[PDB]
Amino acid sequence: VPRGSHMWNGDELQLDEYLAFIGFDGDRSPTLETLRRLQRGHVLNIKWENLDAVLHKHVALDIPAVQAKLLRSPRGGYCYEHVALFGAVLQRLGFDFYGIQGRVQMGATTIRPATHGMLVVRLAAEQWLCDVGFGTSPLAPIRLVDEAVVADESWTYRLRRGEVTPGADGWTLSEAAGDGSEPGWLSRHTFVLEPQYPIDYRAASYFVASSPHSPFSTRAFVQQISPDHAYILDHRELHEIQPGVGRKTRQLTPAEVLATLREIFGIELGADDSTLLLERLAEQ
């Protein structure tokens, strides 16, 4: 009997270990209530950072390397590491799903490349967007509809279908303006439902991890989201966000960055990577 493709490498995942890490318990049946608990736990516990790209211009996307780094060391990953792991979980639990790519705009009108991986789940007559690896990610799957305002704890999102790019049919996911303190919306990304696979993510990750035209290749970007709070380290600038109110920012010294990475984000590098990171931080 010919061997299957094993597309998302579900079988290589340490299923019980992953679920314990994300604080998942109970019914594992491939349903919406399970998906809701999976996404909330993943977004809250899997750490988000790009330090492998900043230090080595390379990120391993294979399931054994990803689950060992994300679940067994004080480390995080960026979108493609998160989607590899979540994709593997969705596959093991028997969900009907597919991968997609989004263009991260953050308000810009100039079209950006499609370098943000996400997953879409099919449940009965509906489709659910699982944007699990954005850093300040939605804490719950989002019902794919042509237009909606969605509350996600203290965060607010807007989903709107349209001609996102010329001749395309897609959606824009927006975040409430001024970290939720103002009326209006800030576009986050645009996406189309064209199916994408782990091979596309490897080709996209190669550009994201090493290209000088990729912002995540040279400078530290670390993120964490909670129901009523968020933190973003933008190189040496620490952003502390209070959804519905706004944010404050403070510059950290190279030593304070290592301290903040451990105390706030639970991230600690090896002796040599710590030394190399301080060099990237003290640069220019």
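Start at 1 and count along the sequence shown; that's the residue number.
Relative to its counterpart among 205 to 213 and 178 to 186, 205 to 213 has the higher mean temperature factor, C-alpha atoms as listed in the PDB entry. On average the C-alpha atoms of 254 to 262 have higher B-factors than those of the other stretch, with 46 to 54 and 254 to 262 being the two compared. Of all the options 218, 242, 39, 226, the entry's greatest CA B-factor is assigned to 218. Sort the chain's modelled residues by C-alpha temperature factor and residue 102 lands in the lowest third, per the entry.
Sort the modelled residues of the chain by CA B factor and residue 143 lands in the lowest third. Residue 92: CA B factor lies in the highest third for its chain, per the PDB record. In this PDB entry, the Cα temperature factor of residue 82 sits in the bottom third of its chain's modelled residues, the lowest group. When the modelled residues of the chain are ordered by C-alpha B-factor, residue 59 sits in the highest third.
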